[PDB]
file run13.cif (mmCIF, C-alpha atoms and all ligand atoms)
data_input
loop_
_atom_site.label_atom_id
_atom_site.label_comp_id
_atom_site.auth_asym_id
_atom_site.auth_seq_id
_atom_site.Cartn_x
_atom_site.Cartn_y
_atom_site.Cartn_z
CA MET C 1 4.87 -18.72 10.69
CA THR C 2 3.18 -15.46 11.13
CA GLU C 3 -0.56 -15.67 10.51
CA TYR C 4 -2.75 -12.64 9.85
CA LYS C 5 -6.47 -13.06 10.53
CA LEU C 6 -8.19 -10.91 7.94
CA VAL C 7 -11.96 -10.42 7.50
CA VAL C 8 -13.77 -8.95 4.40
CA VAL C 9 -16.89 -6.99 5.53
CA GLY C 10 -19.59 -5.03 3.62
CA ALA C 11 -23.09 -4.94 2.03
CA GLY C 12 -24.59 -7.68 -0.15
CA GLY C 13 -23.40 -7.81 -3.74
CA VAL C 14 -20.40 -5.39 -3.39
CA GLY C 15 -17.71 -7.93 -4.61
CA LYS C 16 -16.36 -9.24 -1.20
CA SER C 17 -16.10 -12.80 -2.56
CA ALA C 18 -14.95 -11.98 -6.10
CA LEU C 19 -12.18 -9.89 -4.46
CA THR C 20 -11.20 -12.79 -2.25
CA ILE C 21 -11.23 -15.36 -5.07
CA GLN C 22 -9.23 -13.20 -7.51
CA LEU C 23 -6.45 -13.13 -4.71
CA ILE C 24 -6.52 -16.91 -3.87
CA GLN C 25 -7.69 -18.47 -7.15
CA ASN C 26 -6.81 -15.94 -9.80
CA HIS C 27 -10.11 -15.56 -11.65
CA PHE C 28 -13.28 -13.53 -11.80
CA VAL C 29 -16.51 -15.03 -10.64
CA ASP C 30 -19.17 -13.42 -12.87
CA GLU C 31 -22.23 -15.04 -11.06
CA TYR C 32 -24.83 -14.96 -8.45
CA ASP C 33 -23.47 -16.82 -5.44
CA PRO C 34 -24.33 -15.26 -1.98
CA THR C 35 -22.11 -16.21 0.96
CA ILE C 36 -23.00 -17.51 4.35
CA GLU C 37 -19.44 -17.93 5.54
CA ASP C 38 -16.28 -18.98 3.77
CA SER C 39 -12.69 -19.35 4.95
CA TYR C 40 -9.46 -19.21 2.91
CA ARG C 41 -5.87 -19.95 3.97
CA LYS C 42 -2.91 -19.29 1.68
CA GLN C 43 0.81 -19.27 2.31
CA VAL C 44 2.19 -16.18 0.73
CA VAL C 45 5.41 -14.08 0.91
CA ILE C 46 4.91 -10.39 1.63
CA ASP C 47 7.91 -8.06 1.76
CA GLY C 48 10.17 -11.01 2.22
CA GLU C 49 8.32 -12.45 5.25
CA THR C 50 6.71 -15.92 5.02
CA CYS C 51 3.19 -15.69 6.27
CA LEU C 52 -0.19 -17.31 6.08
CA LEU C 53 -3.25 -15.36 5.25
CA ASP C 54 -6.35 -16.67 6.90
CA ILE C 55 -9.27 -14.82 5.24
CA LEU C 56 -12.87 -14.95 6.44
CA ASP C 57 -15.33 -14.06 3.67
CA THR C 58 -18.59 -12.98 5.28
CA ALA C 59 -22.30 -12.65 4.41
CA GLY C 60 -23.49 -9.08 3.45
CA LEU C 61 -27.18 -8.99 4.57
CA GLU C 62 -28.16 -12.04 6.71
CA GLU C 63 -29.49 -13.02 10.05
CA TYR C 64 -25.78 -12.10 10.85
CA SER C 65 -25.83 -9.97 13.94
CA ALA C 66 -23.80 -10.70 17.09
CA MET C 67 -23.15 -13.78 14.89
CA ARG C 68 -20.96 -11.05 13.29
CA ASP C 69 -19.72 -10.12 16.81
CA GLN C 70 -17.93 -13.44 16.93
CA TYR C 71 -15.78 -13.06 13.72
CA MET C 72 -15.19 -9.34 14.40
CA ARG C 73 -13.50 -10.04 17.75
CA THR C 74 -11.05 -12.59 16.31
CA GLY C 75 -10.17 -10.62 13.17
CA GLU C 76 -6.92 -8.74 13.31
CA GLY C 77 -7.68 -6.45 10.39
CA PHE C 78 -10.66 -5.63 8.19
CA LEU C 79 -11.31 -4.84 4.56
CA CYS C 80 -14.50 -2.67 4.49
CA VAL C 81 -15.87 -2.93 0.99
CA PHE C 82 -18.54 -0.96 -0.90
CA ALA C 83 -19.16 -0.62 -4.61
CA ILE C 84 -18.65 2.66 -6.41
CA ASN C 85 -21.91 2.33 -8.37
CA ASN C 86 -24.00 1.71 -5.22
CA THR C 87 -24.47 4.81 -2.89
CA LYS C 88 -26.40 2.84 -0.22
CA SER C 89 -23.48 0.39 0.17
CA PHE C 90 -21.20 3.39 0.95
CA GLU C 91 -23.54 4.75 3.63
CA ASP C 92 -23.70 1.33 5.24
CA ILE C 93 -19.87 1.42 5.66
CA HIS C 94 -20.34 3.48 8.82
CA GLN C 95 -22.45 0.62 10.32
CA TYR C 96 -19.70 -1.92 9.94
CA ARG C 97 -17.04 0.52 11.28
CA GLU C 98 -18.91 1.22 14.59
CA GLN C 99 -19.82 -2.35 15.22
CA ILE C 100 -16.13 -3.31 14.63
CA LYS C 101 -15.11 -0.59 17.16
CA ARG C 102 -17.65 -1.71 19.76
CA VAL C 103 -16.58 -5.33 19.87
CA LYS C 104 -12.82 -4.68 19.68
CA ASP C 105 -12.95 -2.06 22.47
CA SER C 106 -10.83 0.09 20.18
CA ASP C 107 -10.86 3.18 18.01
CA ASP C 108 -7.63 2.16 16.25
CA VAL C 109 -8.33 -1.23 14.68
CA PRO C 110 -6.39 -2.26 11.44
CA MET C 111 -8.80 -1.41 8.57
CA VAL C 112 -8.87 -0.31 4.89
CA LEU C 113 -11.76 1.14 2.95
CA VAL C 114 -12.03 -0.52 -0.42
CA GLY C 115 -14.12 0.99 -3.21
CA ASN C 116 -14.72 -1.93 -5.60
CA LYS C 117 -16.06 -2.19 -9.21
CA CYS C 118 -13.94 0.70 -10.51
CA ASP C 119 -13.96 -0.80 -14.01
CA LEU C 120 -17.67 0.23 -14.29
CA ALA C 121 -18.62 3.55 -15.85
CA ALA C 122 -21.67 4.27 -13.77
CA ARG C 123 -20.09 5.66 -10.66
CA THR C 124 -22.36 7.27 -8.07
CA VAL C 125 -19.79 7.51 -5.24
CA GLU C 126 -17.04 10.08 -6.15
CA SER C 127 -13.48 9.25 -5.10
CA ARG C 128 -13.28 12.53 -3.18
CA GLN C 129 -16.26 11.53 -0.95
CA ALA C 130 -14.68 8.28 0.02
CA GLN C 131 -11.17 9.82 0.37
CA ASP C 132 -12.43 12.27 2.91
CA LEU C 133 -14.41 9.57 4.77
CA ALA C 134 -11.41 7.29 5.00
CA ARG C 135 -9.29 10.27 6.23
CA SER C 136 -11.89 11.01 9.04
CA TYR C 137 -11.58 7.35 10.21
CA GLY C 138 -7.61 7.29 10.26
CA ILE C 139 -7.76 4.74 7.36
CA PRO C 140 -6.29 4.11 3.84
CA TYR C 141 -8.72 4.30 0.82
CA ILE C 142 -8.00 2.05 -2.10
CA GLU C 143 -10.15 1.43 -5.23
CA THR C 144 -10.33 -2.11 -6.68
CA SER C 145 -11.85 -4.19 -9.51
CA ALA C 146 -12.25 -7.93 -8.92
CA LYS C 147 -12.96 -7.92 -12.64
CA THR C 148 -9.62 -6.57 -13.90
CA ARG C 149 -7.59 -7.47 -10.70
CA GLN C 150 -6.83 -3.72 -10.49
CA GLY C 151 -5.84 -3.02 -6.92
CA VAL C 152 -6.75 -6.40 -5.30
CA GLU C 153 -3.21 -7.44 -3.88
CA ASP C 154 -2.77 -3.76 -3.07
CA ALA C 155 -5.92 -3.57 -0.90
CA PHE C 156 -4.95 -6.91 0.82
CA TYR C 157 -1.17 -6.17 1.35
CA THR C 158 -1.94 -2.70 2.58
CA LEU C 159 -4.12 -4.28 5.27
CA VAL C 160 -1.36 -6.80 6.30
CA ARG C 161 1.08 -3.78 6.74
CA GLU C 162 -1.54 -1.95 8.89
CA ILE C 163 -1.59 -4.96 11.22
CA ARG C 164 2.24 -4.90 11.24
CA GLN C 165 2.36 -1.18 12.16
CA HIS C 166 -0.31 -1.57 14.91
CA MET D 1 -4.88 18.83 -10.48
CA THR D 2 -3.33 17.53 -7.39
CA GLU D 3 0.45 17.24 -7.67
CA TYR D 4 2.57 15.15 -5.33
CA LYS D 5 6.26 16.07 -5.09
CA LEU D 6 8.05 12.79 -4.54
CA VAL D 7 11.83 12.28 -4.13
CA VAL D 8 13.77 8.94 -4.42
CA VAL D 9 16.75 8.96 -1.97
CA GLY D 10 19.49 6.39 -1.16
CA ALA D 11 23.07 5.11 -1.71
CA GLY D 12 24.80 4.78 -5.10
CA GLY D 13 23.83 1.77 -7.18
CA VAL D 14 20.74 0.68 -5.13
CA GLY D 15 18.21 0.90 -8.08
CA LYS D 16 16.70 4.44 -7.47
CA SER D 17 16.64 5.18 -11.22
CA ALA D 18 15.68 1.70 -12.46
CA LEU D 19 12.75 1.89 -10.00
CA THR D 20 11.73 5.26 -11.34
CA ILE D 21 12.02 4.25 -15.01
CA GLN D 22 10.10 0.97 -14.59
CA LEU D 23 7.16 3.21 -13.22
CA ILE D 24 7.31 5.93 -15.97
CA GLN D 25 8.72 4.02 -18.96
CA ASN D 26 7.92 0.40 -18.27
CA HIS D 27 11.31 -1.25 -18.72
CA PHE D 28 14.41 -2.36 -16.89
CA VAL D 29 17.61 -0.47 -17.36
CA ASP D 30 20.35 -3.12 -17.01
CA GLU D 31 23.34 -0.63 -17.24
CA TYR D 32 25.78 1.63 -15.63
CA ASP D 33 24.30 5.11 -15.70
CA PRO D 34 24.90 7.25 -12.49
CA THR D 35 22.54 10.16 -11.88
CA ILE D 36 23.26 13.75 -11.13
CA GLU D 37 19.66 14.86 -11.08
CA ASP D 38 16.65 13.82 -13.09
CA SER D 39 13.00 14.90 -13.00
CA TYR D 40 9.91 12.99 -14.15
CA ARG D 41 6.28 14.15 -14.44
CA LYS D 42 3.44 11.77 -15.26
CA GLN D 43 -0.31 12.17 -15.14
CA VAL D 44 -1.69 9.14 -13.44
CA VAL D 45 -4.98 8.07 -11.77
CA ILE D 46 -4.65 6.73 -8.23
CA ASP D 47 -7.72 5.51 -6.36
CA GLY D 48 -9.91 7.39 -8.76
CA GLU D 49 -8.20 10.79 -8.26
CA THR D 50 -6.47 12.48 -11.22
CA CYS D 51 -3.03 13.54 -10.16
CA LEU D 52 0.40 14.35 -11.43
CA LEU D 53 3.44 12.71 -10.03
CA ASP D 54 6.48 14.91 -10.08
CA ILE D 55 9.43 12.62 -9.21
CA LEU D 56 12.95 13.83 -8.47
CA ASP D 57 15.54 11.09 -9.04
CA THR D 58 18.66 11.99 -7.07
CA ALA D 59 22.40 11.19 -7.03
CA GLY D 60 23.52 8.53 -4.44
CA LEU D 61 27.14 9.55 -3.55
CA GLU D 62 28.09 13.01 -4.95
CA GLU D 63 29.24 16.41 -3.92
CA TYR D 64 25.47 16.47 -2.95
CA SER D 65 25.26 17.96 0.49
CA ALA D 66 23.07 20.94 1.42
CA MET D 67 22.66 20.70 -2.39
CA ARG D 68 20.48 17.82 -1.06
CA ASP D 69 19.00 20.27 1.52
CA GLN D 70 17.31 22.07 -1.33
CA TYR D 71 15.35 19.08 -2.84
CA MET D 72 14.60 17.65 0.63
CA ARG D 73 12.74 20.81 1.71
CA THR D 74 10.46 20.87 -1.36
CA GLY D 75 9.71 17.13 -1.41
CA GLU D 76 6.40 16.14 0.06
CA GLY D 77 7.25 12.48 0.50
CA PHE D 78 10.33 10.28 0.21
CA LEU D 79 11.17 6.81 -1.00
CA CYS D 80 14.28 5.70 0.99
CA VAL D 81 15.87 2.92 -1.00
CA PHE D 82 18.58 0.37 -0.17
CA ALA D 83 19.42 -2.93 -1.81
CA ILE D 84 18.91 -6.21 -0.01
CA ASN D 85 22.28 -7.59 -1.14
CA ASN D 86 24.20 -4.52 0.14
CA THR D 87 24.42 -4.19 4.02
CA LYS D 88 26.26 -0.81 3.88
CA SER D 89 23.40 0.72 1.84
CA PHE D 90 20.97 -0.29 4.65
CA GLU D 91 23.10 1.33 7.36
CA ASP D 92 23.29 4.52 5.33
CA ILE D 93 19.43 4.70 5.40
CA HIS D 94 19.64 6.29 8.84
CA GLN D 95 21.75 9.16 7.34
CA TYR D 96 19.12 10.09 4.82
CA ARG D 97 16.30 9.84 7.43
CA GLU D 98 17.95 12.33 9.89
CA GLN D 99 18.93 14.79 7.26
CA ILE D 100 15.32 14.68 5.91
CA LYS D 101 14.06 15.35 9.49
CA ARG D 102 16.48 18.22 10.07
CA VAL D 103 15.52 20.20 7.00
CA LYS D 104 11.75 19.57 7.22
CA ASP D 105 11.64 20.54 10.93
CA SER D 106 9.58 17.39 11.41
CA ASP D 107 9.64 13.92 12.88
CA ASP D 108 6.56 12.86 10.88
CA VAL D 109 7.47 13.36 7.23
CA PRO D 110 5.76 11.10 4.53
CA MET D 111 8.31 8.30 3.87
CA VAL D 112 8.57 4.60 2.86
CA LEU D 113 11.52 2.29 3.24
CA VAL D 114 12.04 0.32 0.06
CA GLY D 115 14.24 -2.77 -0.01
CA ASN D 116 15.09 -3.22 -3.71
CA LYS D 117 16.65 -6.10 -5.76
CA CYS D 118 14.52 -8.80 -4.13
CA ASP D 119 14.79 -10.96 -7.24
CA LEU D 120 18.48 -11.63 -6.30
CA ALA D 121 19.41 -14.68 -4.25
CA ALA D 122 22.30 -13.20 -2.36
CA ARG D 123 20.50 -11.36 0.36
CA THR D 124 22.55 -9.95 3.23
CA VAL D 125 19.81 -7.76 4.78
CA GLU D 126 17.04 -9.99 6.31
CA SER D 127 13.44 -8.78 5.95
CA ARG D 128 13.02 -8.90 9.73
CA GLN D 129 15.89 -6.39 10.24
CA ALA D 130 14.36 -3.89 7.90
CA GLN D 131 10.79 -4.53 9.18
CA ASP D 132 11.82 -3.64 12.67
CA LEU D 133 13.77 -0.56 11.49
CA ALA D 134 10.84 0.74 9.51
CA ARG D 135 8.55 0.12 12.55
CA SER D 136 10.95 2.20 14.82
CA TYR D 137 10.69 5.12 12.31
CA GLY D 138 6.73 5.07 12.05
CA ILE D 139 7.14 3.97 8.37
CA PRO D 140 5.90 1.28 5.89
CA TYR D 141 8.51 -1.30 4.60
CA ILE D 142 8.04 -2.60 1.11
CA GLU D 143 10.39 -4.85 -0.95
CA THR D 144 10.78 -4.19 -4.69
CA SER D 145 12.53 -5.43 -7.86
CA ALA D 146 13.02 -2.93 -10.70
CA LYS D 147 13.95 -6.06 -12.61
CA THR D 148 10.66 -7.95 -12.34
CA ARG D 149 8.47 -4.83 -11.53
CA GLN D 150 7.57 -6.68 -8.29
CA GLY D 151 6.34 -4.05 -5.86
CA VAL D 152 7.27 -0.86 -7.81
CA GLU D 153 3.68 0.77 -8.15
CA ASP D 154 3.07 -0.51 -4.64
CA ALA D 155 6.08 1.34 -3.14
CA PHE D 156 5.12 4.53 -5.11
CA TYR D 157 1.29 4.46 -4.44
CA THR D 158 1.87 3.68 -0.81
CA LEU D 159 3.93 6.88 -0.59
CA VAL D 160 1.21 8.99 -2.34
CA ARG D 161 -1.36 7.68 0.30
CA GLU D 162 1.06 8.61 3.14
CA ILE D 163 1.08 12.19 1.83
CA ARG D 164 -2.75 12.04 1.67
CA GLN D 165 -3.05 10.84 5.29
CA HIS D 166 -0.53 13.47 6.58
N1 LIG C 201 -17.81 -5.27 -12.85
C1 LIG C 201 -17.61 -5.81 -11.64
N2 LIG C 201 -18.46 -6.69 -11.15
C2 LIG C 201 -18.03 -7.20 -9.98
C3 LIG C 201 -16.88 -6.88 -9.27
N3 LIG C 201 -16.84 -7.56 -8.05
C4 LIG C 201 -17.92 -8.29 -8.09
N4 LIG C 201 -18.70 -8.12 -9.22
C5 LIG C 201 -19.98 -8.76 -9.55
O1 LIG C 201 -20.84 -8.37 -8.48
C6 LIG C 201 -21.72 -9.47 -8.15
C7 LIG C 201 -21.67 -9.84 -6.68
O2 LIG C 201 -20.35 -10.29 -6.37
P1 LIG C 201 -19.93 -11.12 -5.09
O3 LIG C 201 -18.47 -11.19 -5.16
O4 LIG C 201 -20.76 -12.37 -5.07
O5 LIG C 201 -20.38 -10.05 -3.92
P2 LIG C 201 -20.55 -10.27 -2.35
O6 LIG C 201 -20.17 -9.00 -1.73
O7 LIG C 201 -19.56 -11.30 -2.08
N5 LIG C 201 -22.15 -10.68 -2.12
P3 LIG C 201 -22.74 -11.42 -0.76
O8 LIG C 201 -22.71 -10.39 0.46
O9 LIG C 201 -24.16 -11.80 -0.84
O10 LIG C 201 -21.95 -12.49 -0.17
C8 LIG C 201 -21.31 -10.65 -9.04
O11 LIG C 201 -22.07 -10.69 -10.23
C9 LIG C 201 -19.88 -10.29 -9.40
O12 LIG C 201 -19.48 -10.93 -10.61
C10 LIG C 201 -16.02 -5.93 -9.79
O13 LIG C 201 -14.96 -5.55 -9.36
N6 LIG C 201 -16.48 -5.41 -10.97
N1 LIG C 202 18.71 -7.48 -10.19
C1 LIG C 202 18.47 -6.18 -10.01
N2 LIG C 202 19.31 -5.26 -10.45
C2 LIG C 202 18.83 -4.02 -10.28
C3 LIG C 202 17.63 -3.62 -9.71
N3 LIG C 202 17.54 -2.24 -9.64
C4 LIG C 202 18.64 -1.84 -10.21
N4 LIG C 202 19.48 -2.86 -10.62
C5 LIG C 202 20.80 -2.76 -11.26
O1 LIG C 202 21.58 -2.04 -10.31
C6 LIG C 202 22.48 -1.14 -11.02
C7 LIG C 202 22.35 0.30 -10.56
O2 LIG C 202 21.03 0.75 -10.85
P1 LIG C 202 20.56 2.26 -10.90
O3 LIG C 202 19.11 2.20 -11.08
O4 LIG C 202 21.42 2.97 -11.90
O5 LIG C 202 20.90 2.70 -9.35
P2 LIG C 202 20.98 4.15 -8.70
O6 LIG C 202 20.53 3.99 -7.32
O7 LIG C 202 20.01 4.90 -9.49
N5 LIG C 202 22.58 4.62 -8.83
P3 LIG C 202 23.11 6.19 -8.70
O8 LIG C 202 22.98 6.67 -7.18
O9 LIG C 202 24.54 6.37 -8.98
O10 LIG C 202 22.32 7.23 -9.34
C8 LIG C 202 22.16 -1.28 -12.51
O11 LIG C 202 23.00 -2.24 -13.13
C9 LIG C 202 20.75 -1.82 -12.48
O12 LIG C 202 20.43 -2.52 -13.69
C10 LIG C 202 16.77 -4.60 -9.23
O13 LIG C 202 15.67 -4.48 -8.75
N6 LIG C 202 17.28 -5.86 -9.39
MG MG C 203 -19.99 -13.30 -1.00
MG MG C 204 20.44 6.89 -10.58
#
call {"tool": "encode", "arguments": {"input": "run13.cif", "output": "structure tokens", "more": "lines below"}}
Ligand SMILES: Nc1nc2c(ncn2[C@@H]2O[C@H](COP(=O)(O)OP(=O)(O)NP(=O)(O)O)[C@@H](O)[C@H]2O)c(=O)[nH]1
Ligand SMILES: Nc1nc2c(ncn2[C@@H]2O[C@H](COP(=O)(O)OP(=O)(O)NP(=O)(O)O)[C@@H](O)[C@H]2O)c(=O)[nH]1
Ligand SMILES: [Mg+2]
Ligand SMILES: [Mg+2]
result
Amino acid sequence: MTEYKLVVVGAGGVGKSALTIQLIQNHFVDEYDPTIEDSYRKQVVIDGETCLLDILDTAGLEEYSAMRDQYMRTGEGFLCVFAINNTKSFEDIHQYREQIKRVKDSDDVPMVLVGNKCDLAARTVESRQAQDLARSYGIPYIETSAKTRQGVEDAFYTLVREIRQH
Amino acid sequence: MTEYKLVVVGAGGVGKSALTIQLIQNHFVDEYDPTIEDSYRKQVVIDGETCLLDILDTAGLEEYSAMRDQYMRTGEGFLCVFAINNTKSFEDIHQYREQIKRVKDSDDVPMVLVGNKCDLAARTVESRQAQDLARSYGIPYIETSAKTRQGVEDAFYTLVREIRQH
């Protein structure tokens, strides 16, 4: 069956893993649990096609360097996550975008900018900032909350259709 | 506030109106009620931006001709709906696509192919057929059910982000 090799990328503490686990296990993880590397496979039906989603949940900070080079070359599409109440996480998005471009030899790699934690009133990144960024990269911008499940299948299905249309 | 002028297009009986009403009024219309022309405005928040959705729900069959020319030139983006248990409705999609192209003077107009009634086991249009069609047009393909609300905000938000990225 069709498999789509997805990787969730972004700064430490932005909700990469809580996003991933709301999709696969249907619940919010409210605690401190930093990732090294975690892999999830789930058979799912998207727009009538049977497929398997093979998600690689990555570390934010780490000694991950060209140890990131390795998962970035096998990933077919990328969720690039930041948190809307953390301005620094938003500036680091550029970092992840160029390093993805570098290793894939491509300027057009399947990608969606995800602004997570939208349930929180304490926003420091305006939607318009991120909308314009995502438009400069030729990329979709979707806001999510791993807390309320607002936008999580959206962000992930949108990325599977980007890989389709590539 | 930003307004997005959306129009729902497609053959008679495909679920144009039940799709529209599940979005705006949160319920399934199980009856016979053909449309002439209906308009819906709703203030909504998509990906943190405040916007108003101005949806034009159109007639499928009619004496609608260049009386369709008029709403097709003011529409910013189009949902092109067919039903997955009606092969003829799927072949007519081409009709609506060329006439949209003609009046907008454009080959790149915001559009998403929607395959509705996916809750029904009695499919005559395979997902792969429609996936390939939608890929030949450079367009997203999303399946919906106005009955279960499966995919309806998806199909509509996807089209608002196409207008954004245009
Ligand atoms: N309110 C709110 N909190 C969230 C959301 N997503 C994650 N969190 C909280 O943010 C914290 C960090 O989440 P986690 O998913 O572990 O983030 P990470 O990006 O995976 N961190 P790491 O890079 O170290 O692996 C946790 O306390 C989590 O409960 C969200 O959408 N909203
Ligand atoms: N099972 C199922 N039935 C649906 C769905 N969408 C619409 N229907 C049924 O299909 C019939 C026609 O629906 P309607 O929404 O009126 O279609 P239309 O495309 O708007 N028709 P018209 O072009 O004449 O205006 C109704 O009986 C409706 O209840 C769906 O997703 N699933
Ligand atoms: Mg993590
Ligand atoms: Mg109707």
call {"tool": "closest_atom_pairs", "arguments": {"input": "run13.cif", "of": "chain D", "to": "chain C", "cutoff": "9 Å", "atoms": "all atoms listed in the file", "output": "CSV"}}
result
residue,atom,partner,partner_atom,distance
D:46,CA,C:143,CA,8.2
D:47,CA,C:143,CA,4.9
D:48,CA,C:127,CA,5.4
D:49,CA,C:127,CA,6.3
D:115,CA,C:47,CA,8.4
D:118,CA,C:48,CA,8.0
D:126,CA,C:48,CA,8.1
D:127,CA,C:48,CA,5.4
D:128,CA,C:49,CA,7.4
D:131,CA,C:47,CA,8.7
D:135,CA,C:165,CA,6.3
D:138,CA,C:165,CA,7.6
D:139,CA,C:165,CA,8.0
D:140,CA,C:161,CA,7.0
D:141,CA,C:47,CA,7.4
D:142,CA,C:47,CA,5.5
D:143,CA,C:47,CA,4.9
D:144,CA,C:47,CA,8.1
D:151,CA,C:47,CA,8.8
D:154,CA,C:154,CA,6.9
D:158,CA,C:158,CA,8.2
D:161,CA,C:140,CA,7.0
D:162,CA,C:140,CA,8.6
D:164,CA,C:135,CA,8.2
D:165,CA,C:135,CA,6.3
call {"tool": "residues_around", "arguments": {"input": "run13.cif", "residues": "residue 159 in chain C", "least_positions_apart": "2", "cutoff": "7 Å", "atoms": "only C-alpha atoms", "output": "mmCIF file with C-alpha atoms, in the coordinates of the input"}}
result
data_model
loop_
_atom_site.group_PDB
_atom_site.id
_atom_site.type_symbol
_atom_site.label_atom_id
_atom_site.label_comp_id
_atom_site.auth_asym_id
_atom_site.auth_seq_id
_atom_site.Cartn_x
_atom_site.Cartn_y
_atom_site.Cartn_z
ATOM 1 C CA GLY C 77 -7.680 -6.450 10.390
ATOM 2 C CA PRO C 110 -6.390 -2.260 11.440
ATOM 3 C CA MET C 111 -8.800 -1.410 8.570
ATOM 4 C CA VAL C 112 -8.870 -0.310 4.890
ATOM 5 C CA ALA C 155 -5.920 -3.570 -0.900
ATOM 6 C CA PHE C 156 -4.950 -6.910 0.820
ATOM 7 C CA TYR C 157 -1.170 -6.170 1.350
ATOM 8 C CA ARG C 161 1.080 -3.780 6.740
ATOM 9 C CA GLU C 162 -1.540 -1.950 8.890
ATOM 10 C CA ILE C 163 -1.590 -4.960 11.220
#
call {"tool": "axis_aligned_box", "arguments": {"input": "run13.cif", "around": "range 151-162 of chain C", "padding_each_side": "3 Å", "output": "AutoDock Vina command-line options"}}
result
--center_x -2.8 --center_y -4.7 --center_z 1.0 --size_x 13.8 --size_y 11.5 --size_z 21.8
call {"tool": "residues_around", "arguments": {"input": "run13.cif", "residues": "residue 96 in chain C", "least_positions_apart": "4", "cutoff": "10 Å", "atoms": "all atoms listed in the file", "output": "PDB file with C-alpha atoms, in the coordinates of the input"}}
result
ATOM      1  CA  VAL C   9     -16.890  -6.990   5.530  1.00  0.00           C
ATOM      2  CA  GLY C  10     -19.590  -5.030   3.620  1.00  0.00           C
ATOM      3  CA  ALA C  11     -23.090  -4.940   2.030  1.00  0.00           C
ATOM      4  CA  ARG C  68     -20.960 -11.050  13.290  1.00  0.00           C
ATOM      5  CA  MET C  72     -15.190  -9.340  14.400  1.00  0.00           C
ATOM      6  CA  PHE C  78     -10.660  -5.630   8.190  1.00  0.00           C
ATOM      7  CA  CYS C  80     -14.500  -2.670   4.490  1.00  0.00           C
ATOM      8  CA  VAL C  81     -15.870  -2.930   0.990  1.00  0.00           C
ATOM      9  CA  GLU C  91     -23.540   4.750   3.630  1.00  0.00           C
ATOM     10  CA  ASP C  92     -23.700   1.330   5.240  1.00  0.00           C
ATOM     11  CA  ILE C 100     -16.130  -3.310  14.630  1.00  0.00           C
ATOM     12  CA  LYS C 101     -15.110  -0.590  17.160  1.00  0.00           C
TER      13      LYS C 101
END
call {"tool": "closest_residue", "arguments": {"input": "run13.cif", "among": "C:124, C:17, C:43, C:116", "to": "residue 59 in chain C", "atoms": "only C-alpha atoms"}}
result
C:17
call {"tool": "build_atoms", "arguments": {"input": "run13.cif", "residues": "range 129-138 of chain D", "atoms": "N, CA, C and O atoms", "output": "compact mmCIF listing (two decimals), keeping the file's coordinate frame"}}
result
# COMPACT_ATOMS: atom_id res chain seq x y z
N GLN D 129 15.09 -7.53 9.78
CA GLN D 129 15.89 -6.39 10.24
C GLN D 129 15.25 -5.07 9.84
O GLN D 129 15.23 -4.09 10.57
N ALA D 130 14.91 -5.05 8.55
CA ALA D 130 14.36 -3.89 7.90
C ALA D 130 12.94 -3.59 8.34
O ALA D 130 12.53 -2.43 8.32
N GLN D 131 12.16 -4.65 8.66
CA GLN D 131 10.79 -4.53 9.18
C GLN D 131 10.70 -3.84 10.53
O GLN D 131 9.81 -3.02 10.81
N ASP D 132 11.67 -4.22 11.36
CA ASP D 132 11.82 -3.64 12.67
C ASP D 132 12.32 -2.23 12.55
O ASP D 132 11.81 -1.34 13.21
N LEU D 133 13.31 -1.94 11.68
CA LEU D 133 13.77 -0.56 11.49
C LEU D 133 12.61 0.35 11.12
O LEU D 133 12.35 1.37 11.76
N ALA D 134 11.95 -0.05 10.04
CA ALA D 134 10.84 0.74 9.51
C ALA D 134 9.76 0.96 10.54
O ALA D 134 9.14 2.01 10.50
N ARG D 135 9.49 -0.01 11.43
CA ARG D 135 8.55 0.12 12.55
C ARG D 135 9.05 1.14 13.59
O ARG D 135 8.21 1.84 14.18
N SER D 136 10.39 1.23 13.85
CA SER D 136 10.95 2.20 14.82
C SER D 136 10.75 3.62 14.28
O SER D 136 10.31 4.52 15.01
N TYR D 137 11.11 3.90 13.02
CA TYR D 137 10.69 5.12 12.31
C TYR D 137 9.17 4.93 12.21
O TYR D 137 8.84 3.75 12.11
N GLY D 138 8.08 5.71 12.19
CA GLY D 138 6.73 5.07 12.05
C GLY D 138 6.38 4.82 10.58
O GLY D 138 5.41 5.42 10.09
